[PDB]
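Peer 1: This is the content of upload02.cif (mmCIF, C-alpha atoms):
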```cif
data_input
#
loop_
_atom_site.label_atom_id
_atom_site.label_comp_id
_atom_site.auth_asym_id
_atom_site.auth_seq_id
_atom_site.Cartn_x
_atom_site.Cartn_y
_atom_site.Cartn_z
CA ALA A 12 -12.76 -16.85 16.42
CA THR A 13 -15.72 -17.23 14.02
CA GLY A 14 -16.03 -15.13 10.91
CA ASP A 15 -19.28 -13.82 12.41
CA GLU A 16 -17.53 -12.77 15.62
CA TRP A 17 -14.74 -10.99 13.74
CA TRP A 18 -16.98 -9.16 11.29
CA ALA A 19 -19.28 -8.20 14.18
CA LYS A 20 -16.39 -5.99 15.34
CA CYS A 21 -16.04 -4.41 11.88
CA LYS A 22 -17.84 -1.56 10.18
CA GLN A 23 -18.76 -0.70 6.60
CA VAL A 24 -18.35 2.58 4.74
CA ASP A 25 -19.37 3.54 1.23
CA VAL A 26 -16.24 3.98 -0.89
CA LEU A 27 -16.37 5.27 -4.48
CA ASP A 28 -19.00 3.15 -6.27
CA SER A 29 -19.04 0.33 -3.73
CA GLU A 30 -18.51 -0.34 -0.02
CA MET A 31 -15.65 -1.57 2.13
CA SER A 32 -15.66 -3.40 5.45
CA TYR A 33 -12.93 -2.73 8.00
CA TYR A 34 -11.90 -3.22 11.59
CA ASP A 35 -11.31 -0.01 13.57
CA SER A 36 -10.41 -0.22 17.25
CA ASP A 37 -11.00 3.49 17.92
CA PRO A 38 -12.98 5.27 15.18
CA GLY A 39 -11.95 8.81 14.31
CA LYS A 40 -9.14 9.11 16.86
CA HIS A 41 -5.82 10.69 15.89
CA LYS A 42 -3.74 8.88 18.50
CA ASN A 43 -0.97 6.56 17.29
CA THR A 44 -2.52 4.63 14.39
CA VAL A 45 -1.57 1.37 12.65
CA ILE A 46 -3.08 0.02 9.40
CA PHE A 47 -2.96 -3.74 8.70
CA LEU A 48 -3.20 -4.79 5.03
CA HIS A 49 -3.94 -8.40 4.04
CA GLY A 50 -3.35 -9.97 0.63
CA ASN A 51 -4.54 -12.92 -1.42
CA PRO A 52 -6.82 -14.82 -0.69
CA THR A 53 -7.38 -13.60 2.85
CA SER A 54 -9.14 -10.65 4.52
CA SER A 55 -8.86 -8.56 7.67
CA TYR A 56 -9.64 -11.83 9.51
CA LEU A 57 -5.96 -12.71 8.91
CA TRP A 58 -4.96 -10.17 11.57
CA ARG A 59 -7.48 -11.17 14.28
CA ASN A 60 -4.84 -12.70 16.59
CA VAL A 61 -2.13 -10.12 15.86
CA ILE A 62 -4.14 -6.93 16.46
CA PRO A 63 -4.86 -7.61 20.21
CA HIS A 64 -1.15 -7.20 20.92
CA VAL A 65 -1.05 -3.84 19.26
CA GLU A 66 -4.37 -2.25 20.27
CA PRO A 67 -3.20 -1.15 23.70
CA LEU A 68 -0.65 1.11 21.98
CA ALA A 69 -2.52 2.29 18.90
CA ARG A 70 -5.72 2.70 17.00
CA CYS A 71 -5.70 -0.35 14.75
CA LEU A 72 -7.42 -0.45 11.37
CA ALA A 73 -7.70 -3.45 9.06
CA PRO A 74 -9.68 -3.15 5.82
CA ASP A 75 -10.99 -5.92 3.61
CA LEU A 76 -9.72 -5.21 0.10
CA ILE A 77 -12.44 -4.62 -2.49
CA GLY A 78 -14.00 -7.89 -3.63
CA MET A 79 -12.66 -9.65 -0.52
CA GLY A 80 -13.80 -10.28 3.03
CA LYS A 81 -17.03 -8.37 3.59
CA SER A 82 -16.22 -5.58 1.12
CA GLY A 83 -18.34 -5.11 -1.98
CA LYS A 84 -18.08 -7.12 -5.18
CA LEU A 85 -17.47 -5.06 -8.34
CA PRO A 86 -19.88 -5.86 -11.22
CA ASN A 87 -17.24 -5.37 -13.94
CA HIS A 88 -15.18 -8.09 -12.18
CA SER A 89 -12.09 -5.89 -12.59
CA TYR A 90 -9.74 -6.40 -9.65
CA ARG A 91 -6.33 -5.48 -11.00
CA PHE A 92 -3.75 -3.84 -8.74
CA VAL A 93 -4.85 -0.42 -10.00
CA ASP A 94 -8.49 -1.16 -9.09
CA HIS A 95 -7.51 -2.28 -5.59
CA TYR A 96 -5.33 0.82 -5.19
CA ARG A 97 -8.12 3.14 -6.32
CA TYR A 98 -10.40 1.62 -3.66
CA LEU A 99 -7.78 1.40 -0.92
CA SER A 100 -6.66 4.99 -1.49
CA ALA A 101 -10.25 6.20 -1.23
CA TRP A 102 -10.64 4.11 1.94
CA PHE A 103 -7.58 5.78 3.50
CA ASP A 104 -9.21 9.15 2.81
CA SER A 105 -12.52 8.00 4.36
CA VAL A 106 -11.50 6.76 7.81
CA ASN A 107 -10.23 10.00 9.38
CA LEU A 108 -6.56 9.11 9.84
CA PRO A 109 -3.95 11.14 11.73
CA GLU A 110 -1.13 12.93 9.93
CA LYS A 111 1.20 9.90 10.00
CA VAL A 112 0.47 6.18 10.26
CA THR A 113 2.34 2.90 10.51
CA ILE A 114 1.60 0.31 7.81
CA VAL A 115 1.71 -3.42 8.62
CA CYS A 116 1.39 -5.42 5.44
CA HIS A 117 1.48 -8.90 3.90
CA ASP A 118 1.54 -10.28 0.35
CA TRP A 119 -0.46 -8.03 -2.00
CA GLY A 120 -1.34 -5.82 0.95
CA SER A 121 2.35 -4.92 0.87
CA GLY A 122 2.21 -4.17 -2.85
CA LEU A 123 -0.66 -1.79 -2.18
CA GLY A 124 0.87 -0.46 1.03
CA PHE A 125 4.34 0.12 -0.41
CA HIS A 126 2.78 1.95 -3.36
CA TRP A 127 0.59 4.06 -1.06
CA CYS A 128 3.65 4.95 1.03
CA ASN A 129 5.63 5.85 -2.09
CA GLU A 130 2.83 8.20 -3.18
CA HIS A 131 2.26 9.63 0.33
CA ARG A 132 5.77 9.72 1.76
CA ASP A 133 5.04 12.41 4.35
CA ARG A 134 2.26 10.25 5.86
CA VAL A 135 4.51 7.29 6.78
CA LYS A 136 5.99 6.83 10.25
CA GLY A 137 7.01 3.18 9.80
CA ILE A 138 6.45 0.05 7.73
CA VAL A 139 6.25 -3.55 8.96
CA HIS A 140 6.22 -6.02 6.09
CA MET A 141 6.17 -9.80 5.80
CA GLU A 142 6.03 -12.20 2.84
CA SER A 143 5.87 -9.02 0.81
CA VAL A 144 6.21 -7.79 -2.79
CA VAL A 145 9.54 -5.96 -2.54
CA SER A 146 10.76 -6.12 -6.16
CA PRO A 147 9.86 -7.48 -9.60
CA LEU A 148 10.82 -11.06 -10.29
CA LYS A 149 13.63 -11.17 -12.85
CA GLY A 150 12.02 -14.22 -14.46
CA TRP A 151 10.07 -17.39 -13.85
CA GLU A 152 13.33 -19.01 -12.72
CA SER A 153 13.11 -16.88 -9.56
CA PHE A 154 9.65 -18.13 -8.63
CA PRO A 155 9.90 -20.92 -6.01
CA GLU A 156 10.14 -24.23 -7.84
CA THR A 157 7.48 -26.10 -5.87
CA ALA A 158 4.81 -23.56 -6.87
CA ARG A 159 6.07 -22.51 -10.32
CA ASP A 160 3.89 -24.89 -12.34
CA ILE A 161 0.76 -23.93 -10.39
CA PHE A 162 1.25 -20.20 -10.85
CA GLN A 163 2.01 -20.56 -14.55
CA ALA A 164 -1.26 -22.50 -14.80
CA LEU A 165 -3.11 -19.77 -12.88
CA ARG A 166 -1.72 -17.20 -15.32
CA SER A 167 -2.78 -19.28 -18.33
CA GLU A 168 -6.28 -19.85 -19.71
CA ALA A 169 -6.59 -22.71 -17.21
CA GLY A 170 -6.81 -20.21 -14.36
CA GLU A 171 -10.54 -19.58 -14.76
CA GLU A 172 -11.54 -23.20 -14.16
CA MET A 173 -8.98 -23.57 -11.36
CA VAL A 174 -10.28 -20.56 -9.45
CA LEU A 175 -13.76 -19.56 -10.56
CA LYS A 176 -15.06 -23.13 -10.65
CA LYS A 177 -12.83 -25.04 -8.20
CA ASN A 178 -11.74 -22.27 -5.77
CA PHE A 179 -8.12 -23.42 -6.03
CA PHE A 180 -6.56 -20.54 -4.08
CA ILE A 181 -8.86 -20.95 -1.07
CA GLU A 182 -9.12 -24.73 -1.00
CA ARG A 183 -5.56 -25.76 -1.92
CA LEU A 184 -3.02 -22.95 -1.75
CA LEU A 185 -4.21 -21.36 1.51
CA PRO A 186 -4.06 -24.52 3.69
CA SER A 187 -0.84 -25.61 1.97
CA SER A 188 0.94 -22.52 3.33
CA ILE A 189 -0.27 -22.77 6.94
CA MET A 190 1.76 -25.12 9.14
CA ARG A 191 -1.07 -25.90 11.55
CA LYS A 192 -4.49 -27.21 10.55
CA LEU A 193 -7.14 -24.50 10.62
CA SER A 194 -10.30 -25.23 12.56
CA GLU A 195 -13.53 -25.60 10.62
CA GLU A 196 -14.64 -22.17 11.82
CA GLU A 197 -11.39 -20.53 10.70
CA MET A 198 -11.45 -22.20 7.28
CA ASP A 199 -15.09 -21.19 6.87
CA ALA A 200 -14.18 -17.56 7.61
CA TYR A 201 -11.73 -17.67 4.69
CA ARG A 202 -14.28 -19.45 2.49
CA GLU A 203 -17.15 -17.06 3.24
CA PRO A 204 -16.41 -14.27 0.68
CA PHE A 205 -16.02 -16.91 -2.07
CA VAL A 206 -18.74 -19.49 -1.35
CA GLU A 207 -20.59 -18.87 -4.61
CA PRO A 208 -18.79 -20.32 -7.66
CA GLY A 209 -18.04 -17.87 -10.46
CA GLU A 210 -16.94 -14.24 -10.54
CA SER A 211 -17.10 -13.76 -6.77
CA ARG A 212 -13.75 -15.60 -6.82
CA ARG A 213 -12.19 -13.35 -9.48
CA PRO A 214 -10.00 -11.41 -6.98
CA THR A 215 -8.18 -14.62 -6.06
CA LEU A 216 -7.42 -15.28 -9.75
CA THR A 217 -6.48 -11.77 -10.81
CA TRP A 218 -4.00 -11.41 -7.94
CA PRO A 219 -1.58 -14.12 -9.22
CA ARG A 220 -1.95 -12.61 -12.70
CA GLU A 221 -0.60 -9.31 -11.30
CA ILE A 222 2.68 -10.77 -9.96
CA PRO A 223 5.40 -8.62 -11.60
CA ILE A 224 7.50 -11.02 -13.67
CA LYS A 225 10.18 -9.39 -15.83
CA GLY A 226 9.92 -10.38 -19.48
CA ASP A 227 6.31 -11.51 -18.93
CA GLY A 228 4.24 -8.78 -17.30
CA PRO A 229 2.13 -7.06 -16.36
CA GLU A 230 4.16 -4.00 -17.30
CA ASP A 231 2.11 -1.55 -15.23
CA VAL A 232 2.66 -3.52 -12.01
CA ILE A 233 6.34 -3.97 -12.82
CA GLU A 234 6.73 -0.19 -13.12
CA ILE A 235 4.85 0.43 -9.86
CA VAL A 236 6.94 -2.10 -7.95
CA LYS A 237 10.20 -0.84 -9.47
CA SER A 238 9.28 2.67 -8.37
CA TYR A 239 8.54 1.84 -4.75
CA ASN A 240 11.49 -0.54 -4.59
CA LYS A 241 13.74 2.36 -5.60
CA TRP A 242 12.22 4.56 -2.87
CA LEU A 243 12.34 1.85 -0.18
CA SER A 244 15.97 0.94 -0.90
CA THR A 245 17.10 4.49 -0.02
CA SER A 246 14.44 5.29 2.63
CA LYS A 247 16.94 5.95 5.41
CA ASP A 248 14.42 8.05 7.38
CA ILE A 249 11.56 5.48 7.36
CA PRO A 250 11.92 2.85 10.12
CA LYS A 251 11.15 -0.58 8.70
CA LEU A 252 10.64 -4.00 10.24
CA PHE A 253 10.86 -7.14 8.12
CA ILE A 254 9.17 -10.10 9.81
CA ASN A 255 10.95 -13.08 8.24
CA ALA A 256 9.06 -16.39 8.14
CA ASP A 257 11.01 -19.61 8.76
CA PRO A 258 10.93 -21.41 6.41
CA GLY A 259 8.51 -19.05 4.65
CA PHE A 260 7.82 -18.90 0.93
CA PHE A 261 9.23 -15.63 -0.40
CA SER A 262 11.00 -14.75 2.88
CA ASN A 263 14.38 -16.12 1.79
CA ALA A 264 14.30 -14.01 -1.38
CA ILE A 265 13.11 -10.92 0.52
CA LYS A 266 16.05 -11.24 2.92
CA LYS A 267 18.44 -10.95 -0.03
CA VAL A 268 16.58 -8.18 -1.88
CA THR A 269 16.37 -5.99 1.23
CA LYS A 270 19.75 -6.79 2.80
CA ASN A 271 21.12 -3.28 2.14
CA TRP A 272 17.89 -1.36 2.79
CA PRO A 273 18.64 1.35 5.37
CA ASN A 274 16.77 1.57 8.66
CA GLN A 275 15.37 -1.97 8.49
CA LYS A 276 15.39 -4.46 11.36
CA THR A 277 14.51 -8.14 10.96
CA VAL A 278 12.75 -10.52 13.32
CA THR A 279 12.18 -14.17 12.51
CA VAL A 280 9.08 -16.21 13.36
CA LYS A 281 7.94 -19.70 12.47
CA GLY A 282 5.67 -19.90 9.45
CA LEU A 283 5.15 -20.54 5.76
CA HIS A 284 3.53 -17.85 3.60
CA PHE A 285 0.53 -17.25 5.91
CA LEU A 286 2.73 -16.73 8.94
CA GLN A 287 0.00 -14.92 10.93
CA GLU A 288 -1.75 -18.26 11.35
CA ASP A 289 1.30 -19.93 12.90
CA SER A 290 2.99 -17.17 14.92
CA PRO A 291 0.44 -14.41 15.64
CA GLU A 292 1.78 -13.85 19.16
CA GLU A 293 5.39 -13.26 18.13
CA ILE A 294 4.26 -11.10 15.19
CA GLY A 295 2.07 -8.92 17.40
CA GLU A 296 4.80 -8.61 20.04
CA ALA A 297 7.33 -7.63 17.37
CA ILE A 298 5.01 -4.91 16.07
CA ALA A 299 4.37 -3.62 19.59
CA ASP A 300 8.12 -3.40 20.23
CA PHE A 301 8.59 -1.57 16.92
CA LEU A 302 5.91 0.97 17.82
CA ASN A 303 7.39 1.52 21.26
CA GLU A 304 10.78 2.26 19.71
CA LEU A 305 9.18 4.96 17.55
CA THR A 306 7.63 6.53 20.66
CA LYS A 307 11.04 5.93 22.34
#
```
Mind turning the file's structure into structure tokens?
Peer 2:
Amino acid sequence: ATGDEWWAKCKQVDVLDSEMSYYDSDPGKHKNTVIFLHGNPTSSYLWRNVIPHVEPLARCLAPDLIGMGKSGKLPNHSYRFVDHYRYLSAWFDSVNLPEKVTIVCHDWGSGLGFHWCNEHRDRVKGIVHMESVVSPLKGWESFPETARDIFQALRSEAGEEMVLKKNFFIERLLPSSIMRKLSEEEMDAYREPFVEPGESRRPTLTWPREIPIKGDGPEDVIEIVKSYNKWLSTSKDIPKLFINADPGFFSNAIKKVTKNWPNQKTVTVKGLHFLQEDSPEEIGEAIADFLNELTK
């Protein structure tokens, strides 16, 4: 339950010019393996109540993205999508994975995971995604109205004071998209990587600045997302599970974007954006069922 208790189950490995922390239920084993990828502004802690439903069937890994959780902070403060992907790709190559894996992913963890799958198509046995980055936004009009002003502010010069000084993503956006009230210990686990004001919080500001918005940018992320969206939309041989959150945040838009994707099943659970905090049991059970279907 505590951050301390969760990270006590994790390990650290040197990766490139830094280090990454990750959960690994069965180090080095090439049995059925599942990788859980968090997004902004969370960490592997997000999966703590989902993973126990899956471990009996698979080796479960859950890394903290660079700059987040207990992974290292980068002294150039550069945490763009491409930086995260460079680190995550090196992490995949460092943890002794079997020939194919299942990816379970959320938010920017899905951006990174979908891109990794697109670049390593023969390594993918299935993808479970939720509140995910499935396509570029055609414009600001497609961003949910209740959050549109906030995210435009985050992407403006005001973002630095909002995040680096006031920790806006941790203190306001995170609890706003959990239906229940987190305990003090749970909230402190999310706060821990970002307790010190300043550049430690940069990952939580750069992430909203990477959202692919057509006509705005950033162009490199737009191209990456367009590329994996094209692959996913015709990926008839890759089993996919979309965990829809009711009422969710981006879930309603994801349902429409992916309605014609082949080989995708949908399950619905109660939640806003951070659905793992409201329905971890149903999410874990849905993943376990999905894995069993692969094994037949």
Peer 1: Applied to the shown file, which residues does the PyMOL selection byres ((chain A and resi 41) around 7) return, written as a ChimeraX atom specification?
Peer 2: /A:39-40,42-43,108-109
Peer 1: Evaluate the PyMOL selection byres ((chain A and resi 124) around 10) and record the selected residues as a list in words, following the chain and residue labels used in the document.
Peer 2: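 With the shown file as input, the PyMOL selection byres ((chain A and resi 124) around 10) matches residues 46, 47, 48, 49, 96, 99, 100, 114, 115, 116, 117, 118, 119, 120, 121, 122, 123, 125, 126, 127, 128, 129, 130, 138, 140, 143, 144 and 239 of chain A.
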Peer 1: Please produce a file of those selected residues containing C-alpha atoms, as a PDB file, in the coordinates of the input.
Peer 2:
```
ATOM      1  CA  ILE A  46      -3.080   0.020   9.400  1.00  0.00           C
ATOM      2  CA  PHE A  47      -2.960  -3.740   8.700  1.00  0.00           C
ATOM      3  CA  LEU A  48      -3.200  -4.790   5.030  1.00  0.00           C
ATOM      4  CA  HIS A  49      -3.940  -8.400   4.040  1.00  0.00           C
ATOM      5  CA  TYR A  96      -5.330   0.820  -5.190  1.00  0.00           C
ATOM      6  CA  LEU A  99      -7.780   1.400  -0.920  1.00  0.00           C
ATOM      7  CA  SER A 100      -6.660   4.990  -1.490  1.00  0.00           C
ATOM      8  CA  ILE A 114       1.600   0.310   7.810  1.00  0.00           C
ATOM      9  CA  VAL A 115       1.710  -3.420   8.620  1.00  0.00           C
ATOM     10  CA  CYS A 116       1.390  -5.420   5.440  1.00  0.00           C
ATOM     11  CA  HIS A 117       1.480  -8.900   3.900  1.00  0.00           C
ATOM     12  CA  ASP A 118       1.540 -10.280   0.350  1.00  0.00           C
ATOM     13  CA  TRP A 119      -0.460  -8.030  -2.000  1.00  0.00           C
ATOM     14  CA  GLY A 120      -1.340  -5.820   0.950  1.00  0.00           C
ATOM     15  CA  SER A 121       2.350  -4.920   0.870  1.00  0.00           C
ATOM     16  CA  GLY A 122       2.210  -4.170  -2.850  1.00  0.00           C
ATOM     17  CA  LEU A 123      -0.660  -1.790  -2.180  1.00  0.00           C
ATOM     18  CA  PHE A 125       4.340   0.120  -0.410  1.00  0.00           C
ATOM     19  CA  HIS A 126       2.780   1.950  -3.360  1.00  0.00           C
ATOM     20  CA  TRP A 127       0.590   4.060  -1.060  1.00  0.00           C
ATOM     21  CA  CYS A 128       3.650   4.950   1.030  1.00  0.00           C
ATOM     22  CA  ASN A 129       5.630   5.850  -2.090  1.00  0.00           C
ATOM     23  CA  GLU A 130       2.830   8.200  -3.180  1.00  0.00           C
ATOM     24  CA  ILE A 138       6.450   0.050   7.730  1.00  0.00           C
ATOM     25  CA  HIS A 140       6.220  -6.020   6.090  1.00  0.00           C
ATOM     26  CA  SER A 143       5.870  -9.020   0.810  1.00  0.00           C
ATOM     27  CA  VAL A 144       6.210  -7.790  -2.790  1.00  0.00           C
ATOM     28  CA  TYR A 239       8.540   1.840  -4.750  1.00  0.00           C
TER      29      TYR A 239
END
```
Peer 1: In Å, how far is it from atom CA of residue 146 of chain A to atom CA of residue 258 of chain A?
Peer 2: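 Spanning atom CA of residue 146 of chain A to atom CA of residue 258 of chain A is a straight-line distance of 19.8 Å.
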Peer 1: Just give me the gap between atom CA of residue 15 of chain A and atom CA of residue 63 of chain A in Å, one decimal is fine.
Peer 2: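 Value for the atom CA of residue 15 of chain A-atom CA of residue 63 of chain A distance: 17.5 Å.
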Peer 1: Please identify all polymer residues within 12 Å of segment 180-188 of chain A, counting only C-alpha atoms, omitting same-chain residues fewer than 3 positions from it, and present them as a PyMOL selection string.
Peer 2: chain A and resi 50-54+57+79+142+157-158+161-162+165+170-177+191-195+197-206+208+212-219+256-261+281-289
Peer 1: Apply the PyMOL selection byres ((chain A and resi 153) around 12) to the displayed file and report the matching residues as a list in words.
Peer 2: residues 146, 147, 148, 149, 150, 151, 152, 154, 155, 156, 157, 158, 159, 223, 224, 225, 260, 261, 263, 264 and 265 of chain A
Peer 1: From the set A:248, A:232, A:94, A:32, which residue has the shortest atom-to-atom contact distance to residue 305 of chain A, counting only C-alpha atoms?
Peer 2: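 Smallest distance to residue 305 of chain A is found for A:248.
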Peer 1: Separation of atom CA of residue 221 of chain A and atom CA of residue 247 of chain A, in Å?
Peer 2: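 Computing the Euclidean distance for atom CA of residue 221 of chain A and atom CA of residue 247 of chain A yields 28.6 Å.
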Peer 1: What residues have an atom no more than 10 Å from (10.0, 4.9, 14.2) in the file's own frame, counting only C-alpha atoms, and can you write them as an MDAnalysis selection string?
Peer 2: chainID A and resid 113 135:138 248:252 274 301:307
Peer 1: Write out, as a PDB file, in the coordinates of the input, the residues just selected, with C-alpha atoms.
Peer 2:
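Writing done, so here's part.pdb:
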```
ATOM      1  CA  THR A 113       2.340   2.900  10.510  1.00  0.00           C
ATOM      2  CA  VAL A 135       4.510   7.290   6.780  1.00  0.00           C
ATOM      3  CA  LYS A 136       5.990   6.830  10.250  1.00  0.00           C
ATOM      4  CA  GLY A 137       7.010   3.180   9.800  1.00  0.00           C
ATOM      5  CA  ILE A 138       6.450   0.050   7.730  1.00  0.00           C
ATOM      6  CA  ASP A 248      14.420   8.050   7.380  1.00  0.00           C
ATOM      7  CA  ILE A 249      11.560   5.480   7.360  1.00  0.00           C
ATOM      8  CA  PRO A 250      11.920   2.850  10.120  1.00  0.00           C
ATOM      9  CA  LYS A 251      11.150  -0.580   8.700  1.00  0.00           C
ATOM     10  CA  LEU A 252      10.640  -4.000  10.240  1.00  0.00           C
ATOM     11  CA  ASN A 274      16.770   1.570   8.660  1.00  0.00           C
ATOM     12  CA  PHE A 301       8.590  -1.570  16.920  1.00  0.00           C
ATOM     13  CA  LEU A 302       5.910   0.970  17.820  1.00  0.00           C
ATOM     14  CA  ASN A 303       7.390   1.520  21.260  1.00  0.00           C
ATOM     15  CA  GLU A 304      10.780   2.260  19.710  1.00  0.00           C
ATOM     16  CA  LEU A 305       9.180   4.960  17.550  1.00  0.00           C
ATOM     17  CA  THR A 306       7.630   6.530  20.660  1.00  0.00           C
ATOM     18  CA  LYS A 307      11.040   5.930  22.340  1.00  0.00           C
TER      19      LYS A 307
END
```
Peer 1: The centre and edge lengths of an axis-aligned box containing all atoms of segment 208-216 of chain A present in the file, extended by 8 Å on each side, are to be given in Å to one decimal, as JSON.
Peer 2:
```
{"center_x": -13.1, "center_y": -15.9, "center_z": -8.3, "size_x": 27.4, "size_y": 24.9, "size_z": 20.5}
```
Peer 1: Which residues of segment 262-303 of chain A come within 12 Å of segment 71-75 of chain A, and what is each one's closest atom pair and distance in Å (one decimal), counting all atoms listed in the file, sorted by chain and residue number, as a tab-separated table?
Peer 2:
```
residue	atom	partner	partner_atom	distance
A:295	CA	A:71	CA	11.9
A:298	CA	A:71	CA	11.7
A:299	CA	A:71	CA	11.6
```
Peer 1: Can you work out which one of A:166, A:70, A:270, A:20 has the shortest atom-to-atom distance to residue 107 of chain A, counting all atoms listed in the file?
Peer 2: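 Of all the options, A:70 lies closest to residue 107 of chain A.
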Peer 1: Closest to residue 59 of chain A among A:30, A:300, A:16, A:25, using all atoms listed in the file?
Peer 2: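 Closest to residue 59 of chain A, using all atoms listed in the file: A:16.
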Peer 1: So that I can check the surroundings of residue 84 of chain A, please list as a ChimeraX atom specification every protein, DNA and RNA residue that reaches within 7 Å of it, counting only C-alpha atoms and ignoring chain neighbours fewer than 6 positions away.
Peer 2: /A:77-78,211
